[PDB]
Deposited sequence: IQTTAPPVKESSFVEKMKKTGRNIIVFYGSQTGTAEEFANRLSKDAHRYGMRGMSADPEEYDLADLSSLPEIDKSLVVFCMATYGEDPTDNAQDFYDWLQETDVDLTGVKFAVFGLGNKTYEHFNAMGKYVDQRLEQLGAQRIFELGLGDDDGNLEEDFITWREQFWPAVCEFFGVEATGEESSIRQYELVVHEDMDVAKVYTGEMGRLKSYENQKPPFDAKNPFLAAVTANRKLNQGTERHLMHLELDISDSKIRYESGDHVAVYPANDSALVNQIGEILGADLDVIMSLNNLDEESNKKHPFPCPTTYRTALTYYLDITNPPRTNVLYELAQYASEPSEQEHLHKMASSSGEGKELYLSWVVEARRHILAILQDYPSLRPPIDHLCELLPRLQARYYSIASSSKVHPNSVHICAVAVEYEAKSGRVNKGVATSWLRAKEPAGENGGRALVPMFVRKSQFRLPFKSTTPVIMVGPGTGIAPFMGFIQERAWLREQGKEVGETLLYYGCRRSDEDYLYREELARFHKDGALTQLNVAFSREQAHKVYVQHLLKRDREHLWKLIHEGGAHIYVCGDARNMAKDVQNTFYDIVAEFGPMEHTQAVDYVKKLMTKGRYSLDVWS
């Protein structure tokens, strides 16, 4: 609950703004979009502004009409609503205001693999119209399972024309300030929010004031040499942090130092030059791109993203810094909605997975001002992990189960995951991992006697390591505990069976009523967790139909989770009986009555 700003409508007036793009974002992408769309109003002889719907009172849309040819755009992501867009939502639900005269557009960001695709967008664009506002352009539906960037360049290309036409209008966001005389303790060195907040830890710890927790355990859980699966233990003592199994822990990592050095090396400049990028819109909340003042090196290490494929809007803006014509032209055509330009971007940048440095190496004429480059780079996001311990057993420690990312890219070089390569490097002593916890609704039943069915192959194991530590603990405390079954899976039982001993011990003490593992490569056919579910179908239908058991799914969202959902569709279709459609509805209903929970990630 923060303090609202002044009515945005009034703000727009005082700065001559006629377009306000609102972004609902969780990992920046919706926001990045709203800002791109914002600076876009300029080329079209208009001026706009991005704004966090949380910091404003959306009831003020009703007053927007009072600005000339005013326009409001909504870039909303689904996670329904993201944290910052919750107010708006509850408002869009309670309010009954008459938005007659409001003109809007909406570009939603989602992922098709999800149950409720772009639910937020579909909702916003469909509720504004319910209130009296008129849609100016079609609802954009972004799919991060294909290419969101392309869906966005495709919408934005048909948007602006429809806008300029409708309004009859004819067809460095931040500024740089180098620091010569700066006091040493007044310089951010990587902390996230308040200055020196990292060094002087002061509760309560959240996303803006992360608690640097000490890595007390680092271990490799697998026997092979191909992959590196690891178990870490972060110590949250004196942090005053509460958590339950199912919850997630989030961490702010550090980029690889040499990938950082080499970036200032090729651009031929120093990273230690202390600076600041002050938003040219002196009245805007977001006064800076990241914590300023600070040195390039710091920003490149802690606040910027230097490994993900650059977006089309960044390449276009960097086109002007490449001498050689051929190159300049290539960077320029990366933002096409079709053609050889849309094809080089998807294969040479995306598919190839070339980070910012790579492109600078493969296009040597590109030597941009490191100043305009930092303003273009996206902020470094924190990475989530499903806490792997019960707080009833480890109140003062948060466990993480993860696989390290390192692969060969067509780009020609070996890429490394930012968070994983970093946590990998951290071992118990000087090792501090900046963190905080985010509550989720993946939870053990309210009643201990309620049955539980956990399905989670590979890393999807980790939340369940908690559910089991808790289920077991409840029994020791004399509580009466219903069935507790795990459906895990790995390649081979002597190669990457995670927590084999702990899971054996738990089965032994009777915590785990059933330990069903699936060894995928131990035979000709692939044997996956869903094969076991189909196997134990008769008994699983019993729990579901007569036991009121909860179902859980964790790990790969891409396929594993769909395959398991489909096998649950079949178990019901058979013992219902039912026809796959009535079984789907049955399984989905289980999802709304909170008896089927998902924790899948791509």
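Missing C-alpha coordinates mark the following deposited-sequence intervals, in order: 1-5, 85-86, 179-185, 444-448.
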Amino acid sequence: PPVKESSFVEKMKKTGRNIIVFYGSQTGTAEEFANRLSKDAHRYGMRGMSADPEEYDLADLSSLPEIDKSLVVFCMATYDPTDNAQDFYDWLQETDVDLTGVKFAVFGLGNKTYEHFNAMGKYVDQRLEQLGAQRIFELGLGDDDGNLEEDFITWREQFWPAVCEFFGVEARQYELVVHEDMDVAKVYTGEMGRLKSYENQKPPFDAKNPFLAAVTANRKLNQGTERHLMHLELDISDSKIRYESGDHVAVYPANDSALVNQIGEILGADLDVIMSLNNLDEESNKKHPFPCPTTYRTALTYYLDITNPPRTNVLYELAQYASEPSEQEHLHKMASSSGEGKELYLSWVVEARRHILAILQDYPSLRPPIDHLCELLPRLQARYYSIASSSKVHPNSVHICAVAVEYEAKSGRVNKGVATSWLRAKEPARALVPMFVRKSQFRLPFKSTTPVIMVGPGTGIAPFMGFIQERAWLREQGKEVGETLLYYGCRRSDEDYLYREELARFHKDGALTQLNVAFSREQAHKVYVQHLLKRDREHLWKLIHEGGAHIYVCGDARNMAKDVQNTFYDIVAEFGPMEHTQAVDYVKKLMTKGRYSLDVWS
From here on, numbers count along this sequence of modelled residues.
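Each form is matched to the other, and the largest set of C-alpha atoms that superpose within 1.5 Å is called the rigid core.
Rigid core fits of the other structures in 5 other deposited structures of this protein place the C-alpha atoms of one stretch farther away on average; of 202-210 and 279-287, that stretch is 279-287. For the pair 233-241 and 179-187, rigid core superposition yields a higher RMS C-alpha distance in 5 other deposited structures of this protein in 179-187. According to the PDB record, 138-146 carries the higher mean C-alpha B-factor of the two stretches 416-424 and 138-146.
Looking at mean Cα B-factors across 295-303 and 175-183, the upper value is held by 175-183. Among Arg475, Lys526, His531, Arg383, the highest C-alpha B-factor recorded in the PDB entry belongs to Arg475.
Within the group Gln469, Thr459, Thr484, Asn279, the record's highest C-alpha temperature factor is found at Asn279.
Annotation for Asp563: CA B-factor lies in the lowest third of the chain's modelled residues.
Placement of the Cα temperature factor of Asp570 within the chain: lowest third of the modelled residues, per the deposited record. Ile370: CA B factor lies in the highest third for its chain, per the PDB record. Among the modelled residues of the chain, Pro577 sits in the highest third by CA temperature factor in this PDB entry.
Per the deposited record, the Cα B-factor of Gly45 falls in the highest third when ranked against the other modelled residues of its chain.
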